[PDB]
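please work out how this folds:
(chains A, B, C, D, E, F, G, H and I)
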Amino acid sequence: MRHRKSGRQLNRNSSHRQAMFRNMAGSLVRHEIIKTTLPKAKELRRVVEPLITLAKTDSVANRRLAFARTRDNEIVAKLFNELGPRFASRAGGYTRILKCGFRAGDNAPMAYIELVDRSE
Amino acid sequence: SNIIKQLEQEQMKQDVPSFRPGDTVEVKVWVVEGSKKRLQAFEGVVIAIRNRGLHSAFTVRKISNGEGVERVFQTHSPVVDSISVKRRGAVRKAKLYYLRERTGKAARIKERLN
Amino acid sequence: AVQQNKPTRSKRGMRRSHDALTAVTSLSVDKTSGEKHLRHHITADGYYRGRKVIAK
Amino acid sequence: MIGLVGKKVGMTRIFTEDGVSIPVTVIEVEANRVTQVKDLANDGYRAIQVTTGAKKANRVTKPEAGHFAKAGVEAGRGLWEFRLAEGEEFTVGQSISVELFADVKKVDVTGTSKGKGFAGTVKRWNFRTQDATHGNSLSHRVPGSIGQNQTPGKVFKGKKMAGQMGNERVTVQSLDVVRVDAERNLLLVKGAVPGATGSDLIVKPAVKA
Amino acid sequence: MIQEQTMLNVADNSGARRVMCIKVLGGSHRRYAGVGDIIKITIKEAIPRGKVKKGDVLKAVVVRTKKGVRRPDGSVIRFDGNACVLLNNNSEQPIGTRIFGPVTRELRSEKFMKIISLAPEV
RNA sequence: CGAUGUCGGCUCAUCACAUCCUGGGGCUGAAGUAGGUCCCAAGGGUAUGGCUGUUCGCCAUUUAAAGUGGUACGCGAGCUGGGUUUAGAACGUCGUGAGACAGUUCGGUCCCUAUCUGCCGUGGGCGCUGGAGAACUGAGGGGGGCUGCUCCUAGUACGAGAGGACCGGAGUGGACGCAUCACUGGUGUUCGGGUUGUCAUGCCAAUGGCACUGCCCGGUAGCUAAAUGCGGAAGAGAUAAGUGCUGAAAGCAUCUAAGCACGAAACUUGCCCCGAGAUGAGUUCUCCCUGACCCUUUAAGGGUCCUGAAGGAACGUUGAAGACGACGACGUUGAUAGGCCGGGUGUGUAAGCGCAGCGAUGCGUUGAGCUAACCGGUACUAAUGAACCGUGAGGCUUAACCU
RNA sequence: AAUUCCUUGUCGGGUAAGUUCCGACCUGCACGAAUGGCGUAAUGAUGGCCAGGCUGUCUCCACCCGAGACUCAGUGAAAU
RNA sequence: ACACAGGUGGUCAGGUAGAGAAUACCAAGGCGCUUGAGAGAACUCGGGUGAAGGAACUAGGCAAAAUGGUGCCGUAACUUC
RNA sequence: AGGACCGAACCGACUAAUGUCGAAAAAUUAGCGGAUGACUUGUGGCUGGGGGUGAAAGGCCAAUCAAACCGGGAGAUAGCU
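Numbers count the residues shown, from 1 in each chain, chains lettered A, B, ... in the order given. Take a look:
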């Protein structure tokens, strides 16, 4: 009956589900802003926020866990050199989500999600 | 819940002599023999420890006349007089449930000297 | 499983009485740009809450 | 003789001196203050309308805050009534505490149960599940027959079928109090009260004896 | 939790070795029994000479269930397997002298004092 | 006969009383115990297996009892398809034969997305007549109602003795229902670890993907039962059989015709839930609106400008709430989620390095490292100023009190 | 008995209890010798029965993982 | 009848593990199957695990669970050996 | 050596569930039987309607079989609806 649970199934199985947020994390960090639907954005907060949390602690132990998720060294190199020291003061949320429109081909609620520094 | 966390620690006993799963625990129970309140002792090996505050409990097995006899014990209960650790086991697991299958020679365990 | 008498034109419309559509009720005007957008939604230009934050 | 509304915090254990592990429920009962005293000739029957809690300034409404300013009380969260039992008057503003729940043995608990959702017949009315093998096709947990035949020609009103389960005001009767900390304004009672871990429930003295 | 068709080991030395609970006694539609109540058993496997032969309907009373029973402190005492002690069909009083293994204090009330005295412990 | 699917089982029932049990009574060839028979009584309860296709029956063993019947011999647009009752085959048997046989014997497709009625749930519209927010009273309807055993009164009442109570009280179980997660366990493909084969990250190392979560071992929260609490009631009103009182008709007698009183798990309440759509739409408390103009077949009318309140809805963060709506919490004056800090809890000595060992690998740092929904805090992110809907004192008649 | 109506025949074994099953009595309604009789090792996706093992078949179901169902967007039937 | 979970003869057929063209993961090479975005109800379909009991279910152990590999040791009634 | 055993391809179709206006006018999923033979299969021939062929079921002969389909007798005949 789903009392007190967490996570969002997204009409997708578990192996597929954890392969999405792993892949979606690499897309979020690389371009600093992505366009996706609301429940995918609302759950992406539960993935990359623990990631940037471990990205402001430079150590070989933490780099291995930062690579155990997202499985990409370039995203690991994009962290710990920029996103770590750009966020080593703010002890909170590292992203904001804005409702943009509706995915035209199927009427899906889309939402812009970006990283809160955007200084370039 | 601090309202519950208050009420949890006015009943937890203070000593709780630290043991680990794999140890050989001697535990004495306040059994009531009708009129008398004699103090009998239970002996054996801890299989599991369920470490959760006031509800912290542990399971001691006992090979007795061949048949294994297990018994869980609420740590902060008044019926448990004391917990005496005889041997220090050096198992890897946290719950030793596979010991319910084995008997005798294979049920022995190494020493935790280090 | 299957019907027995043809439902009328009156019963067809009465079933579609609850099938009306609520539209737009009240839009919102952004602080800076003055462009219309949905409540808690960015403008089609790109403003949000008096701030061109997506920078298209 | 009058009920007291309080918030369920949770359930826990209490060890007695002999060793009995009495499972209790921790019901916090804050300041229950009177907001209205209804009388026979003035308002029909007689009861007291009691409230408790702390509601924010910009959430309490004008017809609500004006009702409290008449009573001279503080705006709690919601308000309930309890029937007076043959002769008792306090005031409009009597902040009743858990003090009177220290000499009454058994009490009654009325609270809302946990909503199980749209739950089936096997879950709701304990209908025995059909055979899961031996040829059975698409009818493992279906209710089966729900009426006789052409002679009654209908389904009897009150037939136990599937629907909404729980989420309803339920009352467990005659639970025993075990301890009251009037310094902390608590209520410890024997057993289990209706659910919704941090919601409210009405505690009233024994209607059964 | 001894319901029915349950292969029970024996505790005493009545000649039985392996029995089966065919009916829990006391109460209509009763599903199973605990450590304190009696059942009706048949003899599935018996000692050659013994005191009872294979295929006899007698009453037993279980002493060690694998589910275990619960003392009022929350503690449960589980066993390795199911076991019972036989007793006469009419004037109960257990048929046997020696009783193997431990028993449980939830047998102690004016009739099973004959059992718990002959038991080694508890 | 341009189709009403056949026995039995399963699931789910429901009604009748000619009553199996529990309840209250009369008679006895009723001492007691135990029974027998009969009247009133339908509130609830009313087997498990072996054999059989079987209903039934027989048997074993329980139970307070294992009731008797109606409802297409209840129930296939709910399931089963063993029987019977298609096409194959065989035995005995009747017939020259094709074949036939409640004569047996092996095998043998069971369809339907529910429009309407009914029923279990949940909303919308509008109404209730000035509008809105809460709270309720209670017409009426439903749920629930069963009971064994031990002890006590009591080895007392009765009785030569043997045996052995009624009544009332308490403890403790079975079946049933309700609530709950403290505990006992289960589960936990979102958590930690072990491990086989292979691929990949350049390689060692360390991890990841796939193989049903690959197979596994444990296991937070949430959901639950086997787990743990609780409930059936007492009392009262009106009676049924039956027992009476007083009492004439009929100077007597008499429970009945006047009048009155006891009398059951049945009837009405008492307990719990829904409940003012109860159009007979009730009551209480609180808040809100007291600007000007014309027209008119001048009527509770239409329209103009100006203001739209309390509040509601919407939108968004979301819930131990939920199919969807609804309902509950909150929206910067903020703790409603997420993230974060700390803790708890689970897994059980991470990585890297140092030393020992030919090596695998073992110790030290290290009860470490990592920790899903849980607990207590913290505005770091998202809950944006508005806008939309809702108005401008509320008809006529009569009484009643003061102008 | 693939044959036995009466019939679940009767006795013995298995089970707590066995219209089925196994071994036998002949009382063969209505077996019988190439429309073969009686046995037979092996074989059989064959018929009946029993025991161990193993388990959600069942006592009595519980939680979880996915595909529909449910909601919004597009397209859009059918029996009757 | 269709851009149809069906049918259609032959040829080539690599790496690791493996008895193997089984099977598991991959190379060359080719596809994500022409509706999807949410919710996480009853109930249906395919599966995973399960306390104690272990055929008590049922027409019937049907279905599931279970066993399962190699070498060595060991192996009955009966028999056409 | 073998109408020998275990078991893929290939051929077949015992069991169960799904499906039953299907994904399919007999299939899919999970197990199952033959798998050096009376085996299986591609291509091309020959046998035809009271006739063929039949390890024989009244089975098969173009989704049709106790007498195929097509056209013609023929608007058969219908004491029936």
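
give me the phi and psi angles of the residue of chain E found nearest chain C.
Per C-beta to the nearest C-beta, residue E:29 is where chain E lies closest to chain C, at 39.7 Å. To be clear about C-beta, it is placed using only N, CA and C from the backbone, and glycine gets the same treatment. With angles defined as degrees, to the nearest 10, residue E:29 sits at phi 60, psi 30.

number of residues surrounding it?
Taking other C-beta atoms under 10 Å in any protein chain shown as the criterion, the count of residues near residue E:29 is 5.

what does residue B:33 give?
11.

also residue E:87?
Close neighbours of residue E:87, defined as other C-beta under 10 Å, add up to 23.

now it. Nearest residue, chain neighbours left out?
Leaving out its chain neighbours, the residue that sits closest to residue E:87 by C-beta to C-beta, 6 or more residues apart in numbering or on different chains is residue E:94, at 4.3 Å.

burial of the one you found, as a residue count?
When counting by other C-beta under 10 Å, one arrives at 21 neighbours for residue E:94.

measure the residue of chain E closest to chain C to chain A for me?
Per C-beta to the nearest C-beta, to the nearest Å, residue E:29 is found 30 Å from chain A.

what of residue D:119?
For residue D:119 relative to chain A (C-beta to the nearest C-beta), the value is 7 Å.

ok, the spatially closest residue to that residue that is not a sequence neighbour - contacts?
Of all residues not flanking residue D:119 in the chain, residue D:165 sits nearest, at 3.7 Å (C-beta to C-beta, 6+ apart). Residue D:165 makes contacts with D:115-119, D:123-124, as judged by C-beta atoms under 8 Å, 6 or more residues apart in numbering or on different chains.

buried ones among those?
D:115, D:119, D:124 (16 or more other C-beta atoms under 10 Å in any protein chain shown).

which of these fall in helices?
Under the assignment DSSP state H, these contribute residue D:124 to helices.

show me which of the buried ones among the contacts of residue D:165 neighbour RNA strand H.
Contacts with RNA strand H within the buried ones among the contacts of residue D:165, counted by C-beta under 7 Å from any atom of the strand: residue D:119.

residues near residue D:37, how many?
19.

quick check: buried residues in the helix or strand harbouring residue D:23?
Counting by DSSP states H and E, the element that carries residue D:23 is strand D:21-28. Neighbour-count burial for strand D:21-28 flags D:21, D:24-27 (criterion: 16+ other C-beta under 10 Å).

what residues does chain D have near chain B?
Counting by C-beta under 8 Å from any C-beta of the partner chain, chain D comes close to chain B at D:9-10, D:12-19, D:21, D:26, D:28, D:184, D:186.

I figured the residue nearest to residue E:87 hits residue E:88, correct?
Yes. Look at residue E:94 against residue E:88 with C-beta atoms under 8 Å: they come within range, at 7.5 Å.

picking up where we left off before, what lines up beside the strand holding residue D:23 in the sheet?
Its sheet considered, strand D:21-28 pairs with strand D:4-15 (antiparallel), strand D:186-190 (antiparallel) by DSSP bridges.

then the last one to PDB, C-alphas only?
The C-alpha trace of strand D:186-190 is given here as PDB (Å, rounded to 0.1, in the frame of the first residue of the first chain):
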ATOM      1  CA  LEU D 186       2.400  11.900  29.200                       C
ATOM      2  CA  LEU D 187      -0.100   8.900  29.100                       C
ATOM      3  CA  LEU D 188       1.200   5.300  29.100                       C
ATOM      4  CA  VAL D 189      -1.500   2.800  28.400                       C
ATOM      5  CA  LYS D 190      -1.500  -1.000  28.100                       C
END
